[PDB]
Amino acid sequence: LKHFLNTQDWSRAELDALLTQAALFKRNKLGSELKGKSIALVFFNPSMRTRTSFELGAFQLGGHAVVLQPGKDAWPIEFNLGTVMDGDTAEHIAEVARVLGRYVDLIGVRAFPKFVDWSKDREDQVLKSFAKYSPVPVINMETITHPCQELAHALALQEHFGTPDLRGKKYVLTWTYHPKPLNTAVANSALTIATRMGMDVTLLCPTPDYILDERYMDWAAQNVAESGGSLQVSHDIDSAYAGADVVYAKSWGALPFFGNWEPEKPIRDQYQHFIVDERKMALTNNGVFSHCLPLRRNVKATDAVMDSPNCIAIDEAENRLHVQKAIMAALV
């Protein structure tokens, strides 16, 4: 059974076919690939874009999406095996995934790490649990990676540059400020897709502490070798932006500080200058800027940068709808 957990699990040809079908769906939005079909959208965390695009995406293809939020409307779910369920969780994922499997044709799931222990969050328990027990394809709506975002980001870049071949472009994935430590998911996905597309990637971040988990640094290396791009870590702002064609910002908490954020606050707090402003975008080769959203103005990027015609954040967000309809159509 084929799922959509990570773009890394898919071949370049399949990914390419997906992006092309996404471009096609963008030209003809209404269809019947999901006629009479349905998808269960399971959200363990907030969402505006993902929830809306999937729900409309299912409607436009003749299907229906059922939105569930364990702990809110649906019963809380247990993922650990062989445990005694006398706590807060009412039912086990082994039952939930099989029950949903009898109702829907697809299951999407969103579950952010708990932030208490990266050693456990990095295992991707929820996503893997759904894929293991569900008899129908599973779609990652963001856990420790954000594959749907990757394709919406990629398509937006190919549209911008007028070509599917992004090789040669100087790509800069820069960490940015936020009063609190966030999930690395989007950052991990960005590095994965930028290198998979064969671009010259520079992971700009404050200190070595903010470097992404090895799993993704290695995925990137393997992608560079195969795609013909390059990987580079940097702690110097100006040099990174130098001649960049694309700038993707995202804030996240230093992995080494998981479960012990108190001593991390003072550190991230001394790097508020990482905010993307006009000066930094000026050093780029008339580069394009984007962010996965939700974005906090004058914190992650300035008003001017967001209002800039070089900001393709809205196009990328729109592409979530088209790229996701392509994933669903391919999974059924």
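Throughout, we count residues from 1 along the sequence that is shown.
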- Task: Using only the Cα atoms and their B-factors as the entry lists them, report which of 281 to 289 and 22 to 30 averages higher.
- Result: 281 to 289
- Task: Decide which of the stretches 104 to 112 and 231 to 239 has the higher mean C-alpha B-factor, going by the entry.
- Result: 231 to 239
- Message: Between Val96, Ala156, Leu203, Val126, which one tops the list for Cα B-factor in this entry?
- Response: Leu203
- Query: Say you rank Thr83, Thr143, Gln149, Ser134 by Cα B-factor from the PDB entry; which sits at the top?
  - Reply: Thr83
- Item | Where the record places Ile275 (Cα B-factor, split into thirds across the chain) | highest
- Task: Check where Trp175 lands among this chain's C-alpha B-factors and tell me if it's the lowest, middle or highest third.
- Result: middle
- Task: Among all modelled residues of this chain, ranked by Cα B factor, put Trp261 in the bottom, middle or top third, i.e. lowest, middle or highest.
- Result: highest
- On the chain's distribution of Cα B-factors, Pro164 falls within the third called highest
- Query: What third of the chain, by the recorded C-alpha B-factor, contains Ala304?
  - Reply: highest
